[PDB]
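# pasting the first bit of my complex, frame unchanged:
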Amino acid sequence: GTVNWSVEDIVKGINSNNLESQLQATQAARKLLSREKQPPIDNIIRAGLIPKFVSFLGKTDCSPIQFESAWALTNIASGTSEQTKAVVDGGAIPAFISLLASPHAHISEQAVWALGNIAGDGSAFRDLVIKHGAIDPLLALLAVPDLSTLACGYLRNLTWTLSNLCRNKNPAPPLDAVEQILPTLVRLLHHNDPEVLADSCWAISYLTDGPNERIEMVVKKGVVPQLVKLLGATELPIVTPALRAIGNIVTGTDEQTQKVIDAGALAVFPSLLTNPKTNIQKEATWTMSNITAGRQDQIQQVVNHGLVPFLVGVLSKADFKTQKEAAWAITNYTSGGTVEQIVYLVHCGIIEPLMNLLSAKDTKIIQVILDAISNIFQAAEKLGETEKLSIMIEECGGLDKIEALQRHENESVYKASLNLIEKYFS
């Protein structure tokens, strides 16, 4: 009967000179800390029980108390940064790394979980876990010919902990640690378990969220095709991280973006840009805006895949944040595209939704829209069709909005709107 003990009784049992009494009190603490309703983490810390639990982690001759203390410390480290710090201050990191080699699978799994919570606190504890040498034993746990031989929950916890070791920035994980972990991540990215795939994609998304040198590290491993395949998955928990990773990769060089295009990613965007989940639509439009900012042949690839109508649709109706990303994609398109591509964009019906979005209350969207207008007008000038475009913008009510923007707080807004009125409507 280790249910509903008091912290006083737990302290009494742990302070006894009896290993079994300590085990029973530690189990009672674990059950207290594993309750969904307000676990008394702070009361357990104030009682000074963390050093005892950490010392129990090293009792190799009593694996049950090792497991119970590891579980208790895992739940303590799952709380606030101060509580995770309390666990780290007790010396738990090296003790958990030692437990990673335990012959009992459930004890090593608990150690993996605990290290995941500690690393997940932030960059400092992540790097400290790495400095204590956790990556080597962690990856050794996955050194099997077929990952399907490992228990499902075991593999899921290992993947989650590895993802936390790739997470957080300022600073990002050490380059050498990323190179150490990446091959195992690639292997996990081909596992059939949805949660393992979701956490592997999340890890890749963390690693691709950075400079082009970090993006290049990931792309060199040839994971882009697999990311695109997972981008076409049905499980939203997999698509979300895969889209974030692909979006992070297209923020890099035009050659890295091209590697994304060559894998067939654009063929999936018809569904992503119409996805019922607002965040998928927003992230997809943000990826498109970073693709339309590339070379003209890449804009042409966007055109050939029939994605301009989908951008027009998102600009016409979507969450405002998605509409903003679409406005960005249009401005990038018009800034880097040919006259023929900018003419095709107009022929697809961009002007009317572009105008309708000039009634928004966000200064940035208005600047973005008005810069796309300028680019389209420049293309019209190059074609000598400025009057046509002028008539079109006037027929849909854009003229009134631009004239009304001449009297706007932001200076860039009234100067550009006044330059447009004077250069094309006088």
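Received, thanks. Numbering: from 1, shown residues only, chains lettered A, B, ... in the order given.

# burial count for residue A:34?
Neighbour count of residue A:34, defined by other C-beta atoms under 10 Å: 12. (C-beta placed from N, C-alpha, C; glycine too.)

# ok, and the closest non-adjacent residue to residue A:120?
Of all residues not flanking residue A:120 in the chain, residue A:164 sits nearest, at 4.1 Å (C-beta to C-beta, 6 or more residues apart in numbering).

# again, but for residue A:327
residue A:368 (4.6 Å).

# and what of residue A:142?
residue A:184 (5.6 Å).

# can you point out the buried residues in the host helix or strand of that neighbour?
Using DSSP states H and E, residue A:184 sits in helix A:175-188. For helix A:175-188, a neighbour-count test (16 or more other C-beta atoms under 10 Å) marks A:177-178, A:180-182, A:184-186, A:188 as buried.

# how far away is the residue nearest to residue A:39 when sequence neighbours are not counted from residue A:6?
Spatial nearest neighbour of residue A:39, chain neighbours left out: residue A:33 (4.7 Å); criterion: C-beta to C-beta, 6+ apart. As for residue A:33, its distance to residue A:6 is 14 Å (criterion: C-beta to C-beta, to the nearest Å).

# contacts only, for the residue nearest to residue A:142.
A:139, A:142, A:162 (C-beta atoms under 8 Å, 6 or more residues apart in numbering).

# which of these fall in strands?
Using DSSP state E, no member of the contacts of residue A:184 sits in strands.

# which of the residues you listed are buried?
Of these, these count as buried by 16+ other C-beta under 10 Å: A:142, A:162.

# which of the contacts of residue A:184 lies closest to residue A:354?
residue A:162 (44.5 Å; C-beta to C-beta).

# what sits against the closest residue in space to residue A:79 that isn't next to it in sequence?
Closest residue to residue A:79 apart from its sequence neighbours, by C-beta to C-beta, 6+ apart: residue A:41 at 5.0 Å. Residues near residue A:41 by C-beta under 8 Å, 6+ apart: A:33, A:75-76, A:79, A:83.

# ok, which stretches of the stretch 201-350 of chain A are helices?
Remark: helices assigned in the stretch 201-350 of chain A by DSSP state H, counting those that start in this stretch are A:212-220, A:224-231, A:236-250, A:254-262, A:269-272, A:278-291, A:296-304, A:308-316, A:320-336, A:339-347.

# include chain B as well:
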Amino acid sequence: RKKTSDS
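So, slotting chain B in with the rest:
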């Protein structure tokens, strides 16, 4: 992201 082990 941290996870509490409830069971």
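
# the neighbour count of residue A:34 again please, chain B included this time.
When counting by other C-beta atoms under 10 Å in any protein chain shown, one arrives at 16 neighbours for residue A:34.

# can you report phi and psi for it?
phi -100, psi 20 (degrees, to the nearest 10).

# that one and chain B, how far apart?
5 Å (C-beta to the nearest C-beta, to the nearest Å).

# quick check: that residue touching residue A:110?
No. Assessed by C-beta atoms under 8 Å, residue A:34 is found out of contact with residue A:110, at 11.9 Å.

# which stretch of helix or strand covers residue A:73?
helix A:63-77.

# report the buried residues of that helix.
Neighbour-count burial for helix A:63-77 flags A:64-77 (criterion: 16 or more other C-beta atoms under 10 Å in any protein chain shown).

# got phi/psi on the residue in the stretch 151-300 of chain A that chain B sits nearest to?
Of all residues in the stretch 151-300 of chain A, residue A:164 sits closest to chain B, at 6.8 Å by C-beta to the nearest C-beta. With angles defined as degrees, to the nearest 10, residue A:164 sits at phi -70, psi -30.

# wait, doesn't it sit right on residue A:119?
Yes. Proximity of residue A:164 to residue A:119 meets the contact threshold set by C-beta under 8 Å, at 4.5 Å.

# returning to what we had before: tell me, how many neighbours does the residue of the stretch 151-300 of chain A closest to chain B end up with?
Number of residues near residue A:164 (other C-beta under 10 Å) recorded here: 26.

# contacts only, for it.
When contacts are counted by C-beta atoms under 8 Å, 6 or more residues apart in numbering or on different chains, residue A:164 touches A:116, A:119-120, A:126, B:1.

# surely residue A:90 is in contact with residue A:54?
Yes. Contact between residue A:90 and residue A:54 holds when scored by C-beta under 8 Å: they sit 4.3 Å apart.

# so the nearest residue to residue A:68 once chain neighbours are set aside: helix, strand or coil?
Leaving aside its sequence neighbours, residue A:68 sits nearest to residue A:26 (C-beta to C-beta, 6 or more residues apart in numbering or on different chains; 4.4 Å). Assigned with DSSP: H, G, I helix; E, B strand; the rest coil, residue A:26 falls in the helix class.

# show me what from the stretch 1-150 of chain A comes close to chain B.
Counting by C-beta under 8 Å from any C-beta of the partner chain, the stretch 1-150 of chain A comes close to chain B at A:34-36, A:39, A:71, A:74-75, A:77-79, A:84, A:110, A:113, A:116-117, A:120-121.
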